[PDB]
Amino acid sequence: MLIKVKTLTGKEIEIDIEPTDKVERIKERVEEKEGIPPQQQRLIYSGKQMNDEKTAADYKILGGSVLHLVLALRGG
Amino acid sequence: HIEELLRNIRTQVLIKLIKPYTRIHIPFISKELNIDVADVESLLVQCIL
Amino acid sequence: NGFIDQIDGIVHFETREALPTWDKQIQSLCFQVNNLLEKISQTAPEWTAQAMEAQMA
Amino acid sequence: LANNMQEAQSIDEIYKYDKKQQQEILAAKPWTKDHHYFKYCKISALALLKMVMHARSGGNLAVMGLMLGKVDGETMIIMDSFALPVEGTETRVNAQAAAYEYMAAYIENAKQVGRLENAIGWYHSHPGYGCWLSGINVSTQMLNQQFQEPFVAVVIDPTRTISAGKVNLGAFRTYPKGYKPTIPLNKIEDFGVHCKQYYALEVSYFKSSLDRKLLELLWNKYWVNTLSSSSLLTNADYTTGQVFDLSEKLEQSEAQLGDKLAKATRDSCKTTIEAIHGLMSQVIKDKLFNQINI
């Protein structure tokens, strides 16, 4: 598996996770690849952010899927 | 303490009087403040210092 | 506003600073030119239109 | 508009994007070596105008968004700015759910049309709250800089800008963890309690040849303010301050000598050139107006 994770600035990440596996698995893949904290990460596919509670068993990912990774930002 | 007074009031009157002028006679100031010329000169010297 | 020179007995109210007056007069000249041009355009629109068309080319 | 060049000018190569050079400079990563690396941020006219308009359109509330561009050498180029669908209070903004979907979709759509630049930073507006990094902006800028290294925090104040007539844009970058290193105290006061945690950058603006050509005919009544310009009178305090800082720089360069002389010479040349330009305008005015009917 060579699922691509792309940041908006141009960084590339390659991870290996089976589709039946939980989104927490993707989370900890990017954890052990980069180290961005779990609570400061957002992932987007097909223009819609996925929820943590949806297992990717019935999901429109059949290979070649690119995941847009962003970091939560706040201001004052 | 009456000596400290009768001097602060005179100083305030002098400051409020010489405000709009640029070259003012000293006898005019003495007439306005009702004191002799020597006292006016001493007060002006003390104020400038 | 102003000061008093007692020996000369002269009250100075205000005085200009030359160069700011120069800028103000230049602005007034430009405003007069603009107003005259506007009046010229208003009184004879066709003549001023023809004149501007000739001057542009 | 004649007696000059009309083809691709010398102010248009700044708008050209070279993919190979950007890839090489991203692979090189020269920022990690010297941490005081970036010192200049060049913003396009369109990006600045869009930022100011979006900040003012938000009213008394706070708004936030992104900004695209690239990085070359010691400078960060910010080309375009696109807003975000954020709902913020008078003090804080969140950008909870729809902001990130908007980011991804907008970047993809822009890449579809031909926008070849990547995201280069984020901006957030203080509605009359000055221009400084708050304890939350510092944390989020550190978060962004830790992983997406080319980044910059732009702060804009719409209310103060509209009240004073001057834009207030500040570019800042955060130091990492553990990086410690009659005069007014505003140098420490106008920043938050994290004044030692982040450092500002020199902000400059640029525009294209077509931008300047179209903006030349923007309006035809500023000629009066040019003929009666009254130069050397509205910026005397600016020149005196520049002379003071120039004297300080000269003293520092003299102390060092006993490469710092180059910037002192540049500052002196800039001040002298401004003064000479003012005198030239005054001479032109005198020849035009007062030398007639003598």
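Protein chains in written order, with the entry's author numbering: chain I, 1 to 76; chain B, 346 to 394; chain D, 349 to 405; chain E, 15 to 195, 205 to 281, 298 to 333.
All C-beta atoms, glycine included, are put in the ideal place defined by N, C-alpha and C.
| Item | Value |
| --- | --- |
| Distance between beta carbons of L8/I and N132/E, contact taken as under 8 Å | 7 Å |
| Below-8 Å beta-carbon distance, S251/E vs any chain D residue | yes |
| Boundaries of the alpha helix (DSSP H) in which residue 4/E is found, first to last residue | Chain E is shown from 15 up to 333; residue 4/E falls before or after that span and cannot be answered. |
| Minimum C-alpha distance to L60/E - residue among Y54/E, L15/E, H68/E | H68/E |
| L2/I versus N74/E: straight-line alpha-carbon distance, rounded | 47 Å |
| Per DSSP, cross-strand counterpart(s) of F161/E | The partner list for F161/E (beta bridge, DSSP) is empty, contrary to what the question assumes. |
| Own chain, CB closer than 7 Å to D213/E, minus 5 neighbours either side, in chain order | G144, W146 |
| C-alpha gap between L300/E and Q110/E, whole angstroms | 50 Å |
| Residue range of the alpha helix (DSSP H) that includes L367/D | 367-391 |
| Span of the beta strand (DSSP E) around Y143/E | Element bounds for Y143/E: n/a, residue is neither H nor E. |
| Nearest neighbour of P37/I, chosen from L157/E, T175/E, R129/E, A314/E [CA to CA] | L157/E |
| Straight-line Cα distance separating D381/B from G179/E | 58 Å |
| Inter-stretch contact at 8 Å, needing at least 3 Cβ pairs: the segment 158-171 of chain E / the segment 235-242 of chain E | no |
| Residues, ordered as in the chain, of the segment 351-373 of chain B that lie near chain D by beta-carbon distance below 8 Å | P365, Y366, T367, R368, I369, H370, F373 |
| 8 Å Cβ cutoff, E34/I in contact with chain E | yes |
| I355/D burial status per 10 Å Cβ neighbour count (16 or more: buried) | exposed |
| Interface flag, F328/E vs chain D, CB-CB below 8 Å | yes |
| Candidates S251/E, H49/E, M19/E: closest to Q160/E by CA position | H49/E |
| Endpoints, beta strand (DSSP E) assigned at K56/E | 54-58 |
| Nearest residue (CA-CA) to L327/E, options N151/E, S251/E, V216/E, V226/E | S251/E |
| Spatial distance of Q375/D from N248/E (CA atoms) | 8 Å |
| Secondary structure of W242/E, DSSP reduced to three states | coil |
| Contact under 8 Å by Cβ, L378/B with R355/B | yes |
| Boundaries (first-last residue) of the beta strand (DSSP E) holding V5/I | 3-7 |
| CA-to-CA distance, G142/E to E104/E, given in whole angstroms | 10 Å |
| Residue nearest to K84/E in terms of C-alpha spacing, selected from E101/E, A113/E, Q37/E, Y114/E | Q37/E |
| Proximal residues, the segment 370-381 of chain D versus chain E, C-beta separation under 7 Å | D371, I374, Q375, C378 |
| Within 7 Å of chain B by C-beta, residues of the segment 349-364 of chain D in sequence order | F351, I352, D353, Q354, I355 |
| Collapsed DSSP secondary structure at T396/D in the structure displayed | helix |
| Spatially closest choice to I28/E from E239/E, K53/E, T89/E, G79/E, by CA coordinates | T89/E |
| Euclidean distance between Cα positions of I176/E and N182/E | 10 Å |
| Per DSSP, cross-strand counterpart(s) of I170/E | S139/E, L183/E |
| Interface positions of the segment 170-183 of chain E facing chain I (Cβ-Cβ less than 9 Å), listed along the chain | none |
| For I393/B, the three-state DSSP class (helix, strand or coil) | helix |
| DSSP three-state assignment for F361/D, whether helix, strand or coil | coil |
| Where the beta strand (DSSP E) containing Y29/E begins and where it ends | Looking at the DSSP string, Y29/E is not in any beta strand (DSSP E), and its letter there is neither H nor E. |
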